[PDB]
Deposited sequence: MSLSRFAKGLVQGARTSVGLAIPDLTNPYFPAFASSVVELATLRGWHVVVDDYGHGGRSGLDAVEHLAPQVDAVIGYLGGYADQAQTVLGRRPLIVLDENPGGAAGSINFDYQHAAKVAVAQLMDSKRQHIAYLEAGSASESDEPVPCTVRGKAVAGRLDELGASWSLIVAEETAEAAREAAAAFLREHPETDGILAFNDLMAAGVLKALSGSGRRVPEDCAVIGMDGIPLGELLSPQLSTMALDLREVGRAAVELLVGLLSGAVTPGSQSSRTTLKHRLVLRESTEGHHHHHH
């Protein structure tokens, strides 16, 4: 019997997650391992439910658990859990992202284009997300005149919110979106409103999904090298299973950075 790894993701509809999955599955498969994916964005299921479903079939789990790191590691006992993008707590391992760095770099690009009227579009129902608070922190630190927009995390939801906001605030000449999915919605709002990109208003996303290269204009984004993210998660898993890495230690907590990828949506 070969090593089996559970992969838990909150949906397949946000294109980040299938790209994340594909990367992890690619590298795990080349180690000769099996991977089973549980998409839990359905029927009110949670990150904890995903882990409970997978544990009897797997020797380990990697996933976005939506807060349930502690309880999930407990369900797993001595099988390692590697959580992404959350407080690791009692999890055996962790992969996080330097949002402060990302916030800094992304704002810088808009500042370099002397953008006077900036909006940040947040995923939600004041900023609520980790990346949200970083961007807001950096914008307030610089003294930029900026506004917060909030929308559910879909393209359509982001378009509608942006479209409305542009009517109330037509001067807006720079927009940072929570992610590339929402960013695609923003672009459409600008398109529909008759504004050119980047001339009348620039747009920067976050994630670096392939979708960005197919949009018109192609989308500038704070990208994550998904080969690096997967590699980080699999090697960390190797260490934890070999015992090279002690569960819960410093050496089991990794942080990765976004790289700015400039495309057509900025000048």
Next on the checklist: Comparing the deposited sequence against the modelled residues, what ranges come up empty for C-alpha?
Outcome noted: 1-13, 139-145, 288-294
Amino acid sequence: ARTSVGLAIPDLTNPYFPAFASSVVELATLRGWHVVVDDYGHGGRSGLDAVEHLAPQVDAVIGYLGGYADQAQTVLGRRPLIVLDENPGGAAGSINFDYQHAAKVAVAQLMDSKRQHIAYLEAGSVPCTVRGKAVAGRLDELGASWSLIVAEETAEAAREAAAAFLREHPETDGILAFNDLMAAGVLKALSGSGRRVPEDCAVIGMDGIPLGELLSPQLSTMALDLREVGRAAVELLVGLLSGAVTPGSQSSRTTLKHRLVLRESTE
From here on, numbers count along this sequence of modelled residues.
Checklist entry - On average, which has the higher Cα B-factor in the deposited entry, 135-143 or 104-112? => result 104-112
Next on the checklist: Tell me which stretch has the larger mean Cα B-factor in this entry, 251-259 or 5-13.
Outcome noted: 251-259
Checklist outcome for this item: Among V37, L30, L224, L211, highest Cα B-factor in the entry goes to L30
Item to check | Given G205, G47, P198, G41, the residue at which the Cα B factor reaches its maximum | outcome: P198
Checklist entry - Within this chain, which third does the Cα B-factor at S216 fall in: lowest, middle or highest? => result highest
Checklist outcome for this item: Quick tally, chain-level thirds of C-alpha B-factors: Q73 sits in the highest
Checklist entry - Against its chain's modelled residues, does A233's Cα B factor rank lowest, middle or highest third? => result highest
Next on the checklist: Please place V245 in the lowest, middle or highest third of its chain according to the CA B-factor in the PDB entry.
Outcome noted: highest
Checklist outcome for this item: Chain thirds by Cα B factor, record data; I118 belongs to the lowest
